[PDB]
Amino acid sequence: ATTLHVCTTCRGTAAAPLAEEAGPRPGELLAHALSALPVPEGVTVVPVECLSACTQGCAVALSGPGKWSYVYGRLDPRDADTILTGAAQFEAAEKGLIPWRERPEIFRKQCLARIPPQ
């Protein structure tokens, strides 16, 4: 059982005083993109108000009983399909530990933290 938490408040990493306007929050756009796609077996997408990774939006988290927990950031709504593929690999992997060379590039380069299984 894999849970993919997606922050719905996240703003992008652009400099707010310099960036052009707002619109819907990227985290909200990412959440919607994740919900439009087929959710893999074993994965459940759960929106959250904040993953305390605000400086690295968009942020999502992967966790499950007996597995490592992961937080990834600096994501974009267009990463939704790769995120769900990653979440599937997370569900299949032993303890959530995906072999490094098999992880999507965003999981290798944009991981913010991991936590040992409870």
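Quick note: we count residues from 1 along the sequence shown, nothing fancier.
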Mean C-alpha B-factor comparison - 36-44 and 76-84, higher one: 36-44
Between the two ranges 101-109 and 16-24, the one averaging a larger CA B factor in the entry: 16-24
Residue with highest C-alpha B-factor in the PDB entry, from 92, 60, 54, 30: 92
Residue 8 - Cα temperature factor, lowest/middle/highest third of chain: lowest
